[PDB]
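These notes are about the structure you will find just below.
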Amino acid sequence: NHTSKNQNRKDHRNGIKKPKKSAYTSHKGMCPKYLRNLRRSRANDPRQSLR
Amino acid sequence: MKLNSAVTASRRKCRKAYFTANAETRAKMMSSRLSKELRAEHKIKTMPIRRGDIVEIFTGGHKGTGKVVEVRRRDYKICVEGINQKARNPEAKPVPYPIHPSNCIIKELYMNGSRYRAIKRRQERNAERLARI
Amino acid sequence: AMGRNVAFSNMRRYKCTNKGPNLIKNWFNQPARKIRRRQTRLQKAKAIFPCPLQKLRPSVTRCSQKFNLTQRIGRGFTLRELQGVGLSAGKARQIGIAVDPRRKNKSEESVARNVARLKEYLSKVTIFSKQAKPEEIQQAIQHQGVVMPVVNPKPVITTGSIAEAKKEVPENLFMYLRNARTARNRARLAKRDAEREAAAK
Amino acid sequence: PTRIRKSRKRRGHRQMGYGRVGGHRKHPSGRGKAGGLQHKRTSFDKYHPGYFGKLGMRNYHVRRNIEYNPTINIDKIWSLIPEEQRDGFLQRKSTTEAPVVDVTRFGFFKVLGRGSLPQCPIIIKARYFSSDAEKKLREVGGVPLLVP
Amino acid sequence: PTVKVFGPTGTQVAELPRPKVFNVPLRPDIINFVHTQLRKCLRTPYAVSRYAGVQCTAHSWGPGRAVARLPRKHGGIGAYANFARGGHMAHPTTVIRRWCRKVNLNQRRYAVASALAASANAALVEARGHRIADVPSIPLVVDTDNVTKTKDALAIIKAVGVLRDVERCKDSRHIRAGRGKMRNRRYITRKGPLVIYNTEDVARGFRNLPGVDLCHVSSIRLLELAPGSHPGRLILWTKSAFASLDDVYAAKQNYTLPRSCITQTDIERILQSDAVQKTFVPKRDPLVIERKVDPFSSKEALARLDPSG
RNA sequence: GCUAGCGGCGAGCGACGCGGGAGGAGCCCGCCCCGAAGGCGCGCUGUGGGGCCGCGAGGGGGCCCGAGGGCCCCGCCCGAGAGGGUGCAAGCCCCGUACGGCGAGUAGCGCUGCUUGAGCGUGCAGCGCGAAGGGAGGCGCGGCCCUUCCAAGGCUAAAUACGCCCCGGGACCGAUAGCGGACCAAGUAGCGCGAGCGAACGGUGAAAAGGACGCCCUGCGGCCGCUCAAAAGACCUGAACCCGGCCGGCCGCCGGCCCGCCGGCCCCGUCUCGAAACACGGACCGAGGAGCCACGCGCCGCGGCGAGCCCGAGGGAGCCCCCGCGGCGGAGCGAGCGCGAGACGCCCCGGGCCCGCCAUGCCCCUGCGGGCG
């Protein structure tokens, strides 16, 4: 009953989809200390988006 | 058009009413055109057909004039003396060809007394209408 | 569709669909109903030709803090309101004013509203008596629809002085509002703490 | 419009769009939302979060009128004022003739602040005012008066 | 722009301004949709008797008797199935169906307005099938006082150019082509002019005229304005009706007429404008294809590719 | 309103209060005051009072047809050109139509049972026990209030529902359909001891003109013909299957060719991994025969209008016209008390911030309150 024949042909029908650009550069799982300091550096001089 | 709802405009209701109607209604339905000469004398366009009337057929094959020997209201037709089907055997009794009364013009009427009374009632009712109601 | 993302339907299953009382109510008689109500209305109007079909009813604040701003028409004028005009309930009914003993004004402003409505109606009403007076009756003209229909006036902007207005509002109004709102909870909790403080020494 | 329908086109095909190996049969997945904790758990977990269980306190009767509290943002307060009156008010300014808008009369009980009011002073009257709303109107020189 | 008014005599009695409804953009799609929806709302419900084919008592005989398993009576007569003679239809028609379709007021008004506007277009009327060659102007505004006699109305119509349309209708009456003949719908005539009347009591005079219909400016009907979901009907306006059209179409609460649009010719003139043509840049000259013939075989053919050879 | 609730909190179930309408009308007894004043053979164990009937327009000629209601020319009446009939398709041949006239075994409570969305009870009931100023306010209990009303007696129109029956209309069905039943005799003929079941069957033609005559035949019957436009002759049209004559061939299909030769062809439908299958269904032919409708949901396309939008019910001598609320959207989030979004931006996408919820630390008024990080 168990069988995986035709699984690879089915996967390669239009597959090998890459993960996505947001995934490669993300703030997920990163060191919380790194994230906090990054926000302070951004919040000054040109990068600051604060009004 | 018809502005009254009571009268039916259905083909089904109309045909059933004509096909099965009381004899009083069969009479009016079996009216026939009074002649130009009679109309001028009596002032009625059409009078109901009777058994002493002499009538001239004006459309159907057999267009002659004769007295109405018989009226069969059930068949909605009248029989005129002298208009018959061709008796196949020469020594045979004639069978009348029924003519519809619409196909006829009334040359003469059986005057009676009730006919005269009926003619007068219409003459006064038509006068109310001619007086623009 | 087949599964996938569908909110679940909250329409109840049909009951008595094959047998039982008819739970389907068709509306193909709706246009005919309109003609019927007008015909009954026309017949009734003629029966009291001078008199309006609808009796005078009172302006009443619509209930709830949701509609407390607007006013609608109520069953009848309160005995106090009729007394203010000077009409007894029975005399008022003959004039055409519906009377409700049950209603209580609940205000002094509510009474003023209706007493003014009653006063206006008394002017608008004309009593045709004198046995038969046909010529006056022929041109009487029956009022049609609700009598004195209630009018709900829309909000209009007004001019006010910020200096005088700032006198009534405390500075930091939010603190004043948030303190009033939570006073009961703050007071109970601080009593709960007084018992704990009392129950330590 | 029956004529322009998928079913009519599929006449002449036998199974009528429903398959041979599996055919249209009556309710082969059960009737209604059933088996959502058993056979259909996959779908109910995937697209229906919070469907099963009890999550909150219960009010046996809910009085909608008292739980009704309509709110207006600080951005739309000037919009309520009619345009003819509003256009002159902004140029005229004036502490003495500052516009009074009873948002309660328009139909809103609490003033929240989502946007920015115009600088000309305005007096707003409402049952309640959010703290940010009180601060913004106070910055525009307006008064947050209460209404009865 | 003012529309000429011709009296019963037929000679330019007065001038009246064009009502702004006739400036409404000509949308045929909005008309067809509201016409289709409003014709359905007039339909009377039909259904079969719920108790048809269910009145009999039939039980499937069962397996083993060499007979198909469909309900059969005492005799053994097939019953209670869509395939059995005397059986209930598989899905019986019911009056629960939605016989009426809702329309937004605005969309209905847009259609009625674009239909009156279509009457003004000269070709739309001829396209619909009215005979309008002798008609002086569109819209036809005729000052006709109260008319109670068909002969008076016929003279008006003859003197204003509509007799040929009335005669197309008179000589178009025939028996229908279906069971509709039997179902109290026996005779069909061709649709003719629509006379819009305001306070001019011309209804009695024009009612028995063949193919002609009447409608107070108070209630113009879109099924009338566009018969067959095809707009373009000759309308013989009474002069009160035109003079009241700006009133009728303003008494519509605060309904504002749909803003005027453009036409293919007014898109063509716009396209031919100097600015549009000046922007146009001619394209690169196209490719030459020329089907392959053997190059090696002929001296001239080889010389195009190998002249030295 | 559609959700407050209820439910192996599962499947499902499910009100009301606002608000807009139609319609509106209020009262009476006991108790108590009199005490026969009364309905007086009674009663003081309390009577009495407080729709029919009508008239009803205007057409000829020509040709042809079995017969126009057809055609071809010319006209007339329309407040009537809604229809039906009449020998074919009739505004004018007939009928009609439009236009007329004349408060106690109670409330409650205990226990049970039924029930309800009603949840420590939504209403009812048994039994037990039983008040007095009581009832209610949607979480029980005991206090204290506050609003609101008066159960255990009775009446009451209207707006609403609906079959037989009659009337009218239909984007309905057209005789295996439409009611079981279109047929002078259908719940009939028939069937079952009975309860009960339950058919079949429409059409000659304009007019029955429903068949003149003669020939024969032992006779039947046949034959001619007749009537009629036609036999349409027991009946309109008269298909398929099937069959008989006479004539013509030797033959399933597909292709080439003059045409009977060569070549190729397994029996369909259907389940099935796989059917020509020793799988199943199928003698043959005709007619009928199966994703329709309602409501809910998800999404798409279009059309109107746009912080708006909306034929709701309804109401307007109003007909497809006009006027016409909720609702839905515009603010979210938190179990809830409650609190409450602007900072960027073609679009998309991440980031950053803001709001709520869960913390944390500071500062201070109107303080378990506020603000700020």
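Chains as they are written, first to last, in the deposited numbering: chain Lc, 6 to 56; chain LZ, 1 to 133; chain LM, 28 to 228; chain Lb, 2 to 149; chain LC, 3 to 311.
Note that CB positions come from ideal geometry on N, CA and C, so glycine has one too.
Chain-order list of residues whose beta-carbon lies under 8 Å from that of residue i (same chain, five-residue window excluded)
i: residue 152 (chain LZ); result: A question about residue 152 (chain LZ) goes unanswered here, because the residues of chain LZ that appear run from 1 up to 133.
i: residue 85 (chain LC); result: 72
i: residue 105 (chain Lb); result: 126, 127, 128 and 148
i: residue 109 (chain Lb); result: 71, 72, 73 and 127
i: residue 71 (chain LZ); result: 30, 49, 50, 51, 78 and 79
i: residue 101 (chain LM); result: 84, 85, 86, 87, 127 and 130
i: residue 108 (chain LC); result: 257
i: residue 179 (chain LM); result: 97 and 98
i: residue 115 (chain LM); result: 109
Spatial neighbours of residue i in its chain, beta-carbon cut-off 7 Å, leaving aside the 5 residues before and after
i: residue 199 (chain LC); result: 205, 216, 218, 240 and 243
i: residue 315 (chain LC); result: Because chain LC spans 3 through 311 in this model, residue 315 (chain LC) falls outside it and cannot be assessed.
i: residue 128 (chain LM); result: 106
i: residue 82 (chain LZ); result: 64 and 66
i: residue 48 (chain Lc); result: 55
i: residue 182 (chain LC); result: none
i: residue 91 (chain LC); result: 50 and 84
i: residue 46 (chain LZ); result: 31, 32, 33 and 34
i: residue 75 (chain LZ); result: 98
Between the CA atoms of residue j and residue i - distance to the nearest angstrom
i: residue 132 (chain Lb); j: residue 42 (chain Lc); result: 31 Å
i: residue 137 (chain LM); j: residue 209 (chain LC); result: 58 Å
i: residue 112 (chain LM); j: residue 106 (chain LM); result: 10 Å
i: residue 56 (chain Lb); j: residue 98 (chain LC); result: 40 Å
i: residue 119 (chain LZ); j: residue 78 (chain LZ); result: 21 Å
i: residue 2 (chain Lb); j: residue 17 (chain Lb); result: 19 Å
i: residue 33 (chain Lb); j: residue 36 (chain LM); result: 9 Å
i: residue 27 (chain Lc); j: residue 34 (chain Lc); result: 14 Å
i: residue 30 (chain Lc); j: residue 40 (chain Lc); result: 13 Å
i: residue 52 (chain LC); j: residue 44 (chain LM); result: 11 Å
i: residue 187 (chain LC); j: residue 178 (chain LC); result: 7 Å
i: residue 103 (chain LC); j: residue 64 (chain LC); result: 47 Å
i: residue 3 (chain Lc); j: residue 82 (chain Lb); result: The displayed coordinates of chain Lc run from 6 to 56. Any statement about residue 3 (chain Lc) would go beyond what the structure contains.
i: residue 18 (chain LZ); j: residue 39 (chain LZ); result: 27 Å
Neighbourhood of residue i by C-beta distance below 6 Å, restricted to the same chain and skipping five residues each side
i: residue 248 (chain LM); result: Coverage of chain LM is limited to positions 28 through 228, which leaves residue 248 (chain LM) absent and any answer about it impossible.
i: residue 110 (chain LC); result: 36
i: residue 159 (chain LC); result: 165 and 168
i: residue 234 (chain LC); result: 120, 126, 127, 129 and 130
i: residue 248 (chain LC); result: 21
With 16 other Cβ atoms within 10 Å as the buried cut-off, status of residue i
i: residue 101 (chain LZ); result: buried
i: residue 130 (chain LC); result: buried
i: residue 228 (chain Lb); result: Only positions 2 to 149 of chain Lb appear in the structure, and residue 228 (chain Lb) is not among them; the question remains open.
i: residue 30 (chain LZ); result: buried
i: residue 144 (chain LM); result: buried
i: residue 5 (chain Lb); result: exposed
i: residue 307 (chain LC); result: exposed
Integer-rounded CB distance, given that residue j should sit under 8 Å from residue i
i: residue 113 (chain Lb); j: residue 127 (chain Lb); result: Their Cβ separation, rounded to whole angstroms, is 10 Å, which puts residue 113 (chain Lb) and residue 127 (chain Lb) out of contact at 8 Å.
i: residue 317 (chain LC); j: residue 40 (chain LC); result: Chain LC is shown from 3 up to 311; residue 317 (chain LC) falls before or after that span and cannot be answered.
i: residue 211 (chain LC); j: residue 155 (chain LC); result: 6 Å
Task: Cβ contact check for the segment 101-114 of chain LZ and the segment 49-58 of chain LZ: 3 or more pairs under 8 Å - done: Counting Cβ pairs under 8 Å, three or more are found: they touch.
Open item on the list: Taking 8 Å as the cut-off, does the segment 197-217 of chain LM touch the segment 6-16 of chain LC (at least 3 CB pairs, one atom from each stretch)?
Closed with: no
TODO: Kindly confirm or deny that the segment 20-29 of chain LC and the segment 109-123 of chain LC touch, where touching means at least three C-beta pairs closer than 8 Å.
DONE: yes
Open item on the list: Would the segment 88-103 of chain LM count as touching the segment 55-75 of chain Lb if we require 3 or more Cβ pairs under 8 Å?
Closed with: yes
- [ ] Would you check if there are 3 or more beta carbon pairs closer than 8 Å linking the segment 148-156 of chain LM to the segment 46-64 of chain LM?
- [x] Using a C-beta cut-off of 8 Å, the segment 148-156 of chain LM makes no contact with the segment 46-64 of chain LM, since fewer than three inter-stretch Cβ pairs fall below that distance.
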